[PDB]
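To start, the structure under review is shown below, and the notes come after it.
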Amino acid sequence: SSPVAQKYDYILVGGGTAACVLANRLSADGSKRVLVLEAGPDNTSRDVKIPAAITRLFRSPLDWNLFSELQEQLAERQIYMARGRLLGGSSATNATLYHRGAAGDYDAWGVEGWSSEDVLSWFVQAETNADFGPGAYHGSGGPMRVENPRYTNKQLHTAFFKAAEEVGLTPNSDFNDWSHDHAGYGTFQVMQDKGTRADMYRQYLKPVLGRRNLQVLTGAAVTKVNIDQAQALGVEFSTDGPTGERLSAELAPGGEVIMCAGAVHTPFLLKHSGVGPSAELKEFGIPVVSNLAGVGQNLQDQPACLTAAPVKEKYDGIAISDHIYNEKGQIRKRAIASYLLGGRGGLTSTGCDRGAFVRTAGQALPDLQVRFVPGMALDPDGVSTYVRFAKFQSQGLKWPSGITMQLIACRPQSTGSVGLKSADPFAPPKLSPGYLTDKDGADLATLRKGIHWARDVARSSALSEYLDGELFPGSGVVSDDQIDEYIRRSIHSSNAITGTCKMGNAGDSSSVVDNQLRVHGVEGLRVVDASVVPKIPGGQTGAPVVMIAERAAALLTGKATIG
Ligand SMILES: Cc1cc2nc3c(=O)[nH]c(=O)nc-3n(C[C@H](O)[C@H](O)[C@H](O)COP(=O)(O)OP(=O)(O)OC[C@H]3O[C@@H](n4cnc5c(N)ncnc54)[C@H](O)[C@@H]3O)c2cc1C
């Protein structure tokens, strides 16, 4: 009742990060009728816009609330895996850190037309940096906002860097400068506009909601993609939910369909629609249009564990928790004043924006990413701690002062999978991250060795002046075997998730999409979101999604070509 006798040149399933990019570029003339279907509501929540309020988006209505299958290798725990549910997708619910990985992350992709040189310019193109001048590696005219964090903990941040210097690390002035090595300590830039989240709804879609050739439907939950037998012909969706009507959106001649549902829901929705492993499709009685075995495999996510240590009594009150909450748990009016009048202060911080990339065992590229947080976790699951920090408000307790080093396997060797658990196209998918399953035990070894690394840093002279013991894992956990068991019961997602519909060369039978993102054996079908990522880069995966999205967009409209 919303696409009524209307045929669209590009239907977009999903209204997230990449989808917000293409809608902008493809609606940019007037000849194309763009449609954008999004399960979740408009982007209007104040919790989206204030960075420190990220503590309220986890496990919230704006999250899909995905939980994984039992992971036997993880002491049989389900893993909560954050996924944004609103226009702007996970860009509106992320920690905003800006990371391209290294040039070798893209060279190693293998694919033709996506080397480090081919992608570099698409990055710069979409960037406007507040803190680096325009050059080979940074843009100034782009739609993304990028800035050095406008919050600084004058004691804990400076003691962290002195400490990482003590244990032998070198600084790194720009983790997205490919001319020098990617390892080292320093400061993560964040996709924020003067302390407001600079999500992709705000930077790309909100400035273009005027275009009459641009139709954006929130509340609109896609169920499948029409593929008359191969050619896609549209989508089916429901505006109310699993108890609503079964509408249909038709495409115009040549009208393509663009999978933007993200690394979790795209491979899922493709399967329900007929493209995937037949063995899995036959189990629920779904006709096979294409039998590509790569749909729903190769799921890569970066696992994390943490250490936590309180500060000495004498330095009580100097953590970021002390800057946001008072001793009674109420939000400080001073912090609100610095944020609303100046775009400064504790509320501009997602917390984890200082850190490092470290080689643990002479690897080609760093295997460990440390994230330092001048706040003290109260649960070894760092995601659950943020949820807890939210509910702590107004209870009347003082959150203890301290620090946290979150440790992350930024280039993991484990892979996962995304599958079908029901025929109900509104059911939670079969999600298995598969952390710690690589055949050499390397991911676990990277995380164990980060624990030793984190303890060295915390033992340094720079940090031992401020610290008083160790809460997590703590004094009991001494031997490697004990560290591993702690890692297993505390491993949490650092929220990347890539690869479930990977691109590859012609004759890559394991590949799903080709180097122009159209999928093997379907007409008018393309995938442009994090799923196409063939190897996860070394860093948080937001920025490369945009780069993919800006790239496909141009290619679609004949402004550049690949190969
Ligand atoms: C909590 C969190 C923290 C993160 N931190 C960082 C970080 O600091 N820096 C960074 O660079 N990256 C970070 N990431 C990752 C980054 O946000 C993602 O990699 C990126 O946003 C993925 O973009 P996408 O377009 O592939 O998917 P999304 O942005 O998720 O877009 C997919 C969209 O599809 C929609 N959808 C799903 N099913 C349907 C359906 N049936 N019908 C219609 N729409 C549907 C979803 O609602 C969603 O809006 C973080 C991720 C999370 C969750």
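The chain as shown is numbered from 1 upward.
Per the header of the entry, the method used was X-ray crystallography, 2.0 Å.
Just so you know, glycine gets a Cβ as well, placed from its N, Cα and C.
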(message) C352, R371, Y386 show up in Swiss-Prot as binding hexadecanoate; which entry in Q330, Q363, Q395, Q406 does that record put in the same site?
(response) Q406
(request) Name the one residue among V222, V225, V418 that Swiss-Prot lists for the same FAD site as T17, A18, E38, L86, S90, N94, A95, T96, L97, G542. (result) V222
(message) For the C-alpha pair, I'd like the distance in angstrom between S90 (FAD binding site) and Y386 (hexadecanoate binding site), rounded off.
(response) 17
(request) Rounded to a whole angstrom, give the Cα distance between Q229 and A230, which sit at either end of 4 unmodelled residues. (result) 5
(message) In whole Å, how far does the CA atom of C352 (hexadecanoate binding site) lie from that of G542 (FAD binding site)?
(response) 15
(message) Is it possible to get the count of other C-beta atoms within 10 angstroms of the C-beta of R371 (hexadecanoate binding site)?
(response) 25
(request) For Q406 (hexadecanoate binding site) and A95 (FAD binding site), determine the Cα separation and express it in whole Å. (result) 14
